[PDB]
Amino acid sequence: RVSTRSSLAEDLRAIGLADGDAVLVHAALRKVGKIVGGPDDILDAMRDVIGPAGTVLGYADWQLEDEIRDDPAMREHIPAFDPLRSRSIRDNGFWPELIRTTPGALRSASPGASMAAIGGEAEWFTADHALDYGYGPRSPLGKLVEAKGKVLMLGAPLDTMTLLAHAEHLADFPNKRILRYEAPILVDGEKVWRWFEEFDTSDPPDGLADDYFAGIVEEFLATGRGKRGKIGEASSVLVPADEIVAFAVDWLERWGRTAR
């Protein structure tokens, strides 16, 4: 079975992508199977479906390891985060690099939370991304909710849905672990070390498993409010951003009130 730009576009329309949509995609590209024009056919087909005014996103992050950021002897040899040159974290697969290196793509400024975006509103989604609490309202994720966008899990494991970290941020529950770290960025065109602060997106709230995002998504799909479908050979899920965030905040806040 071989996918084409044409056939991938019909698979994306079948799962629910439509004209003007903004969609953040998480992908395990190897699950799509054989593609005539390679994985670029997927991005091209998406843009065919949503049109030039739509926007595709991918979770770029960057490749600074904590083993490295923290080892002080290597401190001066670590390049600053540069949203135009820092490659995406390889843990998130080729897909965000695919977007980031496509002509016309943009990438936001908050390093660990940084998002790549292409399409009509890429300038809007990537701009004014808060350095601290980069998963809150002033981020591509918060604008995805405001713009009533969607999340596509393209063969990706369901617990890699980064949008639910934005739910973690909004949700009121006790003893949110705050994380503080120091990373090099650009200030006035020069490398500067800056202290960051965010809610922890690396580990779950104490008392839930590392993969509980997957459970939340499966509960949301159980309500019938999402859509499952095949993109190429990859089993995929399309959910509305605003609904799943409200769903996830609800879940987290109720779980929080079960404390003593």
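The first residue of the shown sequence is 1; numbering continues from there.
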Per the PDB entry, mean CA B-factor is higher for 172 to 180 or 77 to 85, namely for 172 to 180
As the entry reports it, the stretch among 131 to 139 and 186 to 194 with higher mean C-alpha B factor is 186 to 194
Just the C-alpha B-factor column, please: which of 45, 57, 35, 209 has the biggest number? 209
Top Cα B-factor in this entry, restricted to 39, 52, 204, 232, sits on 204
Grab the CA temperature factor for residue 96 from the record and place it in the lowest, middle or highest third of its chain. lowest
For residue 64, does the deposited CA B-factor place it in the lowest, middle or highest third of the chain? highest
Just say lowest, middle or highest third for the CA B-factor of residue 242 relative to the other modelled residues in its chain. lowest
How does the C-alpha B factor of residue 19 compare with the rest of the chain: lowest, middle or highest third? highest
Sort the modelled residues of this chain by their C-alpha B factor and say whether residue 10 lands in the lowest, middle or highest third. lowest
